[PDB]
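*Asks:* Please read through the structure below; I'll follow up with questions.
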Amino acid sequence: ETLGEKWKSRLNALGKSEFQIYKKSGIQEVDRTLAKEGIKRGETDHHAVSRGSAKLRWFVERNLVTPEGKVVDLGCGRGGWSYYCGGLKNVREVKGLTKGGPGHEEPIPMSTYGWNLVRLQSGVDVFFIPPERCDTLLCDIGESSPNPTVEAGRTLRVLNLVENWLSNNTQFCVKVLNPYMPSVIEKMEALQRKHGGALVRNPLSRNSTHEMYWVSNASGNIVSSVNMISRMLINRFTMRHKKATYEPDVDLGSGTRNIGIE
Ligand SMILES: Nc1ncnc2c1ncn2[C@@H]1O[C@H](CSCC[C@H](N)C(=O)O)[C@@H](O)[C@H]1O
Ligand SMILES: NC(=O)c1ncn([C@@H]2O[C@H](COP(=O)(O)O)[C@@H](O)[C@H]2O)n1
Numbered sequence: 007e008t009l010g011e012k013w014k015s016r017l018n019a020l021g022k023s024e025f026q027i028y029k030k031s032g033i034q035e036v037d038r039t040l041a042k043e044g045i046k047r048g049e050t051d052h053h054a055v056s057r058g059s060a061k062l063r064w065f066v067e068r069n070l071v072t073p074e075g076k077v078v079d080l081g082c083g084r085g086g087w088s089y090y091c092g093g094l095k096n097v098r099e100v101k102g103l104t105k106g107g108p109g110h111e112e113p114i115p116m117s118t119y120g121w122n123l124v125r126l127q128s129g130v131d132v133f134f135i136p137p138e139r140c141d142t143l144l145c146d147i148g149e150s151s152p153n154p155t156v157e158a159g160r161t162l163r164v165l166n167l168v169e170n171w172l173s174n175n176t177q178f179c180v181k182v183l184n185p186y187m188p189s190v191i192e193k194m195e196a197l198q199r200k201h202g203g204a205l206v207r208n209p210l211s212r213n214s215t216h217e218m219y220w221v222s223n224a225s226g227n228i229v230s231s232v233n234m235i236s237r238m239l240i241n242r243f244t245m246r247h248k249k250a251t252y253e254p255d256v257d258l259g260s261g262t263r264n265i266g267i268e
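Counting in PDB author numbering, the sequence shown runs from 7 upward without gaps.
So, in structure tokens, the structure goes:
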């Protein structure tokens, strides 16, 4: 029921080569080369396990999401979001959960700052476990599909999932894979009405996804928000100068935290 649908078809209609070029046109990138080589080498200090750490950092260093207390990371994969939160000031406990298993990102043990406050377990399907009480809820789940109706389903599953974990003034950051499909817009509107927050586009996301994140400390008419991104993604189809701007990767430190305010 929208304009992002025009974008998706155009996207799908791209040639393999055209596609790769577009996917990174004028986006923001994280310089991960050395971080990956160090990880591959067994290093467990400083490195982010994925570009997700840098991704979360962007929202956090802007107070769009303020992870505190018990943080639950739904679909932590390797744990970029979890290890990152494990080094943040007022965070006490970090629990990350994923499916893992062959053909899936499995959590990677690390000794980055606060790693001791972080527990990651795979072999978990978040959709069928009971909700635990938590102060901040993070969720980065959402598999992309060439078929926008398939994505719309996946998106809703996630929204319903999180609604079940959100309480009082729970802090949250949740990926909304396909925010432009009308059932997803409809649900988002309900949620926003019920828990506030807004949808925000992360400059680090690639042009090949219309993904937006529902963050707790931000507002803005949903529909308006998605169209903005839709127009933007379309504008980017036709670009002179398609370079990606890079930035150093995040450094996650290497110690253990003792907690206890003091
Ligand atoms: N039902 C489910 N239960 C648990 N994990 C799931 C799931 N469906 C998908 N996932 C997982 O969710 C992950 C999302 S990608 C993880 C990104 C992470 N924030 C990064 O920074 O490291 C995938 O690795 C996938 O295996
Ligand atoms: N035109 C192509 O050659 C091509 N390849 C992938 N895509 C679009 O982008 C989406 C996911 O992006 P990616 O495959 O992980 O980069 C797909 O689901 C599809 O809609 N398009």
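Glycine included, every Cβ here is placed at the ideal spot set by N, Cα and C.
Just tell me which of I228, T176, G85, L20 has its CA closest to the CA of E111.
*Replies:* Taking the first residue of the sequence shown as 1, we reach residue 111 at position 105. Comparing Cα-Cα distances from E111 to each of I228, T176, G85, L20, the minimum goes to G85.
*Asks:* Under 7 Å from any heavy atom of ligand 2, does the C-beta of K14 make it?
*Replies:* One-based indexing of the sequence shown puts residue 14 at position 8. Yes - ligand 2 has a heavy atom lying nearer than 7 Å to the Cβ of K14.
*Asks:* Return the chain-ordered list of same chain residues with a C-beta closer than 8 Å to the C-beta of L210, the five sequence neighbours on each side being excluded.
*Replies:* Counted from its first residue, the sequence shown places residue 210 at position 204. Here the set comprises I33, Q34, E35, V36, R57, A60, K61, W64.
*Asks:* Following the continuous beta strand (DSSP E) through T251, name the residue where it begins and the one where it ends.
*Replies:* Position 245 of the sequence shown, counting from 1, holds the residue named residue 251. Its beta strand (DSSP E) spans residues 251-254.
*Asks:* Below 8 Å on the Cβ atoms is my guess for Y89 versus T118; work out the distance and round it to an integer in Å.
*Replies:* Here residue 89 refers to the residue found at position 83 when the sequence shown is read from its first residue. Here residue 118 refers to the residue found at position 112 when the sequence shown is read from its first residue. Right, their Cβ atoms sit about 5 Å apart.
*Asks:* Measure from the alpha carbon of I191 to the alpha carbon of each residue in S128, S214, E157, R139, then state which is nearest.
*Replies:* Here residue 191 refers to the residue found at position 185 when the sequence shown is read from its first residue. The shortest C-alpha separation from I191 is found at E157.
*Asks:* Evaluate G226 with the Cβ neighbour count: other Cβ atoms within 10 Å of its Cβ, from every protein chain shown; 16 or more gives buried, anything less gives exposed.
*Replies:* Counted from its first residue, the sequence shown places residue 226 at position 220. With fewer than 16 other Cβ atoms within 10 Å, it is exposed.
*Asks:* Compute the Euclidean distance between the alpha carbons of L143 and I27, then round it to the nearest angstrom.
*Replies:* Your numbering for residue 143 matches position 137 in the sequence shown. Your numbering for residue 27 matches position 21 in the sequence shown. Going by the C-alpha atoms only, they are around 34 Å apart.
*Asks:* Pull up the distance between the alpha-carbon of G120 and that of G203, whole angstroms please.
*Replies:* Looking up residue 120 in the sequence shown gives position 114. Looking up residue 203 in the sequence shown gives position 197. Answer to the nearest angstrom: the Cα atoms are 28 Å apart.
*Asks:* Can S150 be considered in contact with ligand 4, in the sense that its beta carbon sits closer than 7 Å to one or more heavy atoms?
*Replies:* By its list of ligands, the structure shown excludes ligand 4, since it contains just ligand 1 and ligand 2.
*Asks:* What first and last residue would you give for the alpha helix (DSSP H) that runs through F25?
*Replies:* Walking along the sequence shown from the start, residue 25 turns up at place 19. Segment 22-29, the alpha helix (DSSP H) holding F25.
*Asks:* At which residue ranges does the stretch 42-102 contain complete alpha helix (DSSP H) runs of 4 or more residues, listed in the order of the chain?
*Replies:* DSSP runs (the alpha helix (DSSP H)) wholly in the stretch 42-102: 58-66, 86-91.
*Asks:* Is the Cβ-Cβ distance between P115 and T104 less than 8 Å?
*Replies:* Taking the sequence shown and counting its residues from 1, the one referred to as residue 115 is at position 109. Taking the sequence shown and counting its residues from 1, the one referred to as residue 104 is at position 98. It is not a contact, given that the beta carbons lie outside the stated cut-off.
*Asks:* Can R98 and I265 be called in contact, C-beta distance under 8 Å?
*Replies:* Taking the sequence shown and counting its residues from 1, the one referred to as residue 98 is at position 92. Taking the sequence shown and counting its residues from 1, the one referred to as residue 265 is at position 259. In contact: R98 and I265 (Cβ atoms closer than 8 Å).
*Asks:* Within 10 Å of its beta-carbon, does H216 have 16 or more other beta-carbons around it, so buried, or fewer, so exposed?
*Replies:* As a first step, residue 216 must be located in the sequence shown, where it is residue number 210. So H216 ends up on the buried side.
*Asks:* Distance, Cα to Cα, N153 vs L17?
*Replies:* Locating residue 153 in the sequence shown gives position 147, counting from the first residue. Locating residue 17 in the sequence shown gives position 11, counting from the first residue. Rounded to the nearest angstrom, the two C-alpha atoms are 11 Å apart.
*Asks:* Let me have the residue list for ligand 1: C-beta closer than 5 Å to any non-hydrogen atom, ordered along the chain.
*Replies:* So the residues near ligand 1 by this Cβ test are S56, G58, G81, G83, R84, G86, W87, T104, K105, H110, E111, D131, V132, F133, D146, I147.
*Asks:* Look at the Cβ atom of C145, then the Cβ atom of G81, and state whether they are nearer than 8 Å.
*Replies:* Position 139 of the sequence shown holds residue 145. Position 75 of the sequence shown holds residue 81. Yes, these two residues count as a Cβ contact at 8 Å.
*Asks:* Please list, in chain order, all residues of the same chain as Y252 whose beta carbon is under 6 Å from its beta carbon, the five residues on each side excluded.
*Replies:* Taking the sequence shown and counting its residues from 1, one reaches residue 252 at position 246. Result list for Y252: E35, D37, in chain order.
*Asks:* May I ask you to report which of helix, strand or coil DSSP gives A19?
*Replies:* The count along the sequence shown starts at 1 and reaches residue 19 at position 13. Correct three-state label for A19: coil.
*Asks:* With respect to the beta strand (DSSP E) encompassing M218, which residues constitute its N-terminal and C-terminal limits?
*Replies:* Taking the sequence shown and counting its residues from 1, the one referred to as residue 218 is at position 212. From DSSP, the beta strand (DSSP E) with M218 extends over 218-221.
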